[PDB]
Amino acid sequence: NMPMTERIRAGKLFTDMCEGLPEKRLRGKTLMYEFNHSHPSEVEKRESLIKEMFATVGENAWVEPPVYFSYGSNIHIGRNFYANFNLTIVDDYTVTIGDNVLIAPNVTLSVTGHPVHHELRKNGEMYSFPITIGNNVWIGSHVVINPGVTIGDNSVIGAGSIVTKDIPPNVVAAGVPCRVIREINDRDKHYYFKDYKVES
């Protein structure tokens, strides 16, 4: 006897078929549908749905439809946020993105997991831990960010990464599981790609 809602915040196992959760979900997923199916020319429309879908959205935010979430109202986005096609966020709990964050296509964030033992999840039980994307972070394509992960500022996450651990700031991380490939140093102020110098 503890409201599901309060079990989420406590990191306890819960289910979401009650206490107004389903109604919340239908509100968000309703806005999601008119965004996702809006005509590319309906820019103002899209512009308001964004402010509308997420609990928090800074200025100069852009999201290439389609976009997917469970609620929408648990996603708090910062300034100048760009997200490319198919950004999926399972926001059963807090998801926070800093400023000037760039998100490539087909990225997946999820504060939710299921107990490994199929007996702790007989009724699709879940747990939720907040994700936190720092400022000036860049996430490559097909990246997956798992429950309770924090990505430090100005860091980069390579395409295909499966982030399962916290990622410090100022690094470059990649792999399955995602691991720190390396620190970003002055050479990166000159070389922006493979063998290409900033001064051509």
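Position 1 is the first residue in the sequence shown; the rest follow in order.
Between the stretches 171-179 and 63-71, it is 171-179 that shows the larger average CA temperature factor.
Taking the mean C-alpha B-factor of each stretch as recorded, 122-130 and 109-117 are not equal, and the higher mean is that of 122-130. The PDB entry assigns the greatest CA B-factor among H37, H142, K29, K45 to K45. Residue set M53, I162, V149, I157: peak C-alpha B-factor at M53 (per PDB entry). In the deposited entry, the Cα temperature factor of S41 places it in the highest third of its chain's modelled residues.
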